[PDB]
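Residue numbers (PDB author numbering), protein chains in the order written: chain N, 386 to 768; chain D, 384 to 510.
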């Protein structure tokens with residue numbers, strides 16, 4: 386159950402094998418080595434006999450590193466064919482992806498093959514239920530091999546696809562669907578990636594690791610699908626990161642989100658206001674304007690009808706975002722989903738965490754009773 | 384226009400200081416139209432990201448409009464002047480201002496020259 390700290394995403398193969406042997410000697414009955422596409426292409430999980438080698442989503446992975454498409458899938462297929470047993474290897478993957486079928490075609494044909502696609506009729510898997518929600522999305526899977534009950538996923542299609550892919554691995558060990566209750570609970574346990582909303586009585590507040598424009602837009606679409614009302618997002622770029630990303634992301638956020646608060650998530654040896662200006666350049670504004678508009682109480686809204694707001698401190702920005710909410714409105718924190726380190730220049734602070742956002746939801750009642758107004762960034766105070 | 388004609392007569396090209404403002408519409412040709420510090424409507428939408436990569440995108444070479452504490456003008460057009468760039472005034476505003484100044488100096492001459500004038504109708508015409 387425990388996980389050792391490793392700097393790289395995939396540790397050394399010899400060290401991983403030694404740790405697996407030490408665990409299997411005492412304290413563990415099985416040593417499963419799971420690695421991503423890059424780890425499998427590097428040779429971490431390749432030098433290990435894999436009993437079941439299935440792909441959750443087969444697509445163009447490591448195209449810039451390997452220099453050729455479908456390289457990671459071919460490496461995984463070769464590693465599975467190196468050590469393969471009859472009716473022991475599982476090829477559960479989405480049938481819509483051509484790389485998945487290409488990888489399943491290679492290797493020993495005696496291995497069991499199955500598809501986890503929902504729209505495909507050959508896979509026999511389908512949701513057949515309408516219970517999508519931000520808290521729990523339960524589906525009644527009706528398949529001959531898959532289990533009846535499904536896991537509650539936070540996402541609409543990604544989490545549903547992950548649950549459908551895991552149902553096959555859960556049913557391969559045990560045909561009874563009662564054993565999948567623990568797996569469904571662990572899937573609904575709100576893991577690190579795209580953490581769910583806090584359990585406090587308040588509006589939706591989610592933490593996501595949207596460090597790229599594509600992931601930011603995907604998460605914004607996922608939240609717009611579920612979001613009944615105004616969607617507020619707070620994120621920042623990285624000092625010394627590619628600045629090409631900066632103009633587009635701000636625009637992508639301002640397009641979907643009605644209220645966007647931009648703050649410096651990681652200064653990383655760059656001025657906070659210096660990168661915020663480059664970010665606002667995407668929507669057409671500059672720091673001099675914002676400030677002049679700011680001097681004015683108005684803060685005029687974007688021509689599309691959405692309001693943009695800028696601050697330099699991440700803590701106060703997250704607090705104002707978590708204090709500005711409605712019954713149906715949702716706030717999305719996209720700076721650091723699975724990270725709690727904030728480094729401004731040489732100094733590094735670990736104050737940033739989800740507990741900071743929970744404290745804001747807990748203490749917003751005092752500001753509400755006192756009379757402070759959080760509807761707009763210029764807060765109205767008594768006198 | 385007179386200065387441009389003189390430069391054309393003396394075969395002097397325009398210096399490379401044709402500086403654009405925050406809005407890339409600004410130039411010596413049309414910065415004096417009624418809509419000042421505002422960009423005109425075009426068929427295609429303004430591609431701010433395209434502009435970003437055009438000025439220089441992630442090559443760390445762009446003019447970031449952020450006010451600084453030091454006594455240095457953030458606007459690049461103010462460079463070369465002792466105090467600041469001349470205040471922005473439209474052509475129509477300049478025309479109405481010079482018209483008002485001409486009429487004001489005419490009224491001043493009428494005041495300090497007495498009622499005696501070329502006009503022979505004094506009573507109603509003075510008022």
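Even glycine gets a Cβ: it sits at the ideal position worked out from N, Cα and C.
Of all Cβ atoms in chain N, is any one closer than 7 Å to the Cβ of residue 456 of chain D? no
Report the rounded CA-to-CA distance for residue 705 of chain N versus residue 759 of chain N, giving the unit in angstroms. 7 Å
Any idea what DSSP makes of residue 694 of chain N, helix, strand or coil? strand
Give me whichever residues DSSP pairs with residue 523 of chain N in a beta bridge. Note: residue 523 of chain N sits in no beta bridge, so no partner.
Indicate whether at least one CB of chain D lies closer than 7 Å to the CB of residue 632 of chain N. yes
As assigned by DSSP and simplified to three states, the class of residue 478 of chain N: strand
Start and end residues, alpha helix (DSSP H) containing residue 516 of chain N: Looking at the DSSP string, residue 516 of chain N is not in any alpha helix (DSSP H), and its letter there is neither H nor E.
Terminal residues of the continuous beta strand (DSSP E) containing residue 588 of chain N? Premise fails: residue 588 of chain N is in no beta strand (DSSP E) and is neither H nor E.
Run through chain D and tell me which residues come within less than 8 Å of residue 586 of chain N, C-beta to C-beta. Per Cβ cutoff of 8 Å: no residues; residue 586 of chain N is ~41 Å from chain D at best.
Residue nearest to residue 682 of chain N in terms of C-alpha spacing, selected from N/653, N/765, N/664: N/765
Counting only beta-carbon atoms, is residue 605 of chain N nearer than 7 Å to chain D? no
Between the Cα of residue 480 of chain N and the Cα atoms of N/467, N/493, N/661, N/440, which residue gives the shortest distance? N/440
So residue 429 of chain D contacts chain N; which residues on that side make the cut at Cβ distance below 9 Å? 669
Suppose contacts are defined by Cβ-Cβ distances below 7 Å. Is residue 695 of chain N in contact with residue 687 of chain N by that definition? no
Could you say which of D/406, D/452, D/475, D/400 lies nearest to residue 463 of chain D if we only look at CA atoms? D/400
Within 7 Å of chain D by C-beta, residues of the region 640-661 of chain N in sequence order: 658, 659
Mind pulling the chain N residues with CB within less than 9 Å of residue 432 of chain D? 629, 632, 633, 636, 666, 667
Listed from N- to C-terminal order along the chain, which residues in the region 412-425 of chain D have their beta-carbon within a distance smaller than 8 Å of any beta-carbon of chain N? none
Tell me the rounded alpha-carbon separation between residue 659 of chain N and residue 430 of chain D. 21 Å
Is it buried or exposed, residue 742 of chain N, if we count other Cβ atoms within 10 angstroms and call 16 or more buried? buried
Give a yes or no on whether the C-beta atoms belonging to residue 628 of chain N and residue 425 of chain D are separated by under 7 Å. no
Output the distance between the C-alpha atoms of residue 446 of chain D and residue 763 of chain N, rounded to the nearest integer angstrom. 28 Å
Any Cβ of chain N within less than 7 Å of the Cβ of residue 439 of chain D? no
Expressed to the nearest angstrom, what Euclidean distance is found between the alpha-carbon atoms of residue 714 of chain N and residue 611 of chain N? 11 Å
Looking at chain D, which residues of the region 676-687 of chain N have a Cβ within less than 9 Å of any of its Cβ atoms? 676
First and last residue of the uninterrupted beta strand (DSSP E) at residue 597 of chain N: Looking at the DSSP string, residue 597 of chain N is not in any beta strand (DSSP E), and its letter there is neither H nor E.
DSSP-derived helix/strand/coil call for residue 496 of chain N: coil
Span separating the alpha-carbon of residue 422 of chain N from that of residue 709 of chain N: 40 Å
Could you tell me whether the Cβ of residue 727 of chain N comes closer than 7 Å to any Cβ of chain D? no
Using a C-beta cutoff of 7 Å, does residue 747 of chain N count as contacting chain D? no
Exposure of residue 618 of chain N, with buried meaning 16 or more beta-carbon neighbours within 10 Å: buried
Can you give the Cα-Cα distance for residue 406 of chain D and residue 625 of chain N, rounded to whole angstroms? 26 Å
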